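Take a look at this single chain in structure tokens; it is the form deposited in one PDB entry.
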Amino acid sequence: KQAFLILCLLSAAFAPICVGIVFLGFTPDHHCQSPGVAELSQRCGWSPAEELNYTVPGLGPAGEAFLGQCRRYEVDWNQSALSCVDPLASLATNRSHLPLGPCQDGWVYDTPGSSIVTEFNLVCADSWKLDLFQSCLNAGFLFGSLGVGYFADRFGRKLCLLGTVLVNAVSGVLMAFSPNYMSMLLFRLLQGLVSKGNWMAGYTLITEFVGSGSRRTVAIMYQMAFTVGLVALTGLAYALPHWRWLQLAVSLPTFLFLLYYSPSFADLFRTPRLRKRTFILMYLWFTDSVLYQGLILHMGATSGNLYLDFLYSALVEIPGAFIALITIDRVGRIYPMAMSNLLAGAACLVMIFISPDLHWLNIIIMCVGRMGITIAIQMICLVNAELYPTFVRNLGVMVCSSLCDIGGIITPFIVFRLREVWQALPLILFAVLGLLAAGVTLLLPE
């Protein structure tokens, strides 16, 4: 089936675009660079962990790593007479009396590889600019969803798809050669504009060519090709430790695909029943998008062994798919989706209380939440279709699914900023959103 495998290749290659930020933008441990410190450390012979104890401001109470990460002692390390046992001890009764300055010379990053964070110095006061890398992508998705389908209706469908695939490949390759952060953000926007349109076009063609007897099965194979793409990403991110190398490796396969070759907006709100259904479907699409992206970003930000945690988290999407497929036939849709929302809400709630050393439990609860949101996302793709009649379904699917893009725009600032107010607070949001999405589902008909 030559035509099937190539669209499954087009579905697999989408996953690195959505989730690759986990590997391209990791933050290692850092502290200010200081002159003379290296020379003194060589003369006195400090070991690598001892140099910190003598040189970098301590954590103190409540962690407060800020004083080590973003400040330095204004001490004349060129002084020859300093004690090789503890050089600061002569200067004041307590190190807290010393003057602090900012990292005027730069940061020292403890990593053998590299990331956009380490190259553009997206730390301390600039640390909010990492959130804009994912927000620009989701904004591009939002504009693409409204524009590209109309362009494909005005222009020829085949030439349109061929053009947007050539533009997606070329923009993905050029981003690896980005000379600065601005250009990288413009390539990330131009890639966002086309990626999701291509993915939806391929899905449309695959379910249109295939008959109604197998549409659900080919849809589930299309979603499983995304999981295969995630496992390939996981393996390449392991063998290629540099971000530009991984961006090239991820981009080049797309060139091989090229080488192989009336409704009206007012209707959705005109009646209170259709309004109710529309607002509920909008809310569930929003909630599930926010939770799916939020849990992956939280795991990337917080896991201590990201490679195996990402591998085990990805594989669990296979039983989730088979369970959804069987449940659709045996049971229904309202109660299975309520239960799968409630399960992810409860897993997010329990994760607040787990002791940080119970990692072997923490991964189990993370996998249970992942499987829950996977089953719920699979269910809503069916429920969203039959609640709208065919006269409006082509529009109504676009309308309700667009909330996924505003959720993706908002999510990065929640995970990265709000965590600095209090580290539990994002999980409290995810718990409340999931436990409200559980109850609201029961108000839909069946």
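Position 1 is the first residue in the sequence shown; the rest follow in order.
Here the subject shifts to the form solved in complex with a small molecule, a form of this protein not shown in this document.
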Next item on the list: Identify which of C70, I377, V37, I409 has a heavy atom within 4.5 Å of the small molecule in the deposited bound form; exactly one of them does.
Entry: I377
Next item on the list: Could you work out which of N362, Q293, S135, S114 is the residue within 4.5 angstroms of the small molecule in the deposited bound form, going by heavy atoms?
Entry: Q293
Checklist line | Residue stretch of 336-344, 221-229, 242-250, 263-271 approaching the small molecule in the deposited bound form, non-hydrogen atom distance within 4.5 Å | finding: 221-229
Check: Quick one: does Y181 come within 4.5 Å of the small molecule in the deposited bound form, counting heavy atoms only?
Finding: no
Check: Just to confirm, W199 within 4.5 Å of the small molecule in the deposited bound form by heavy atoms?
Finding: yes
Check: Wondering, does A13 line up within 4.5 Å of the small molecule in the deposited bound form on heavy atoms?
Finding: no
Notebook entry, point to check: Do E317 and the small molecule share at least one heavy atom pair within 4.5 Å in the deposited bound form?
Noted result: yes
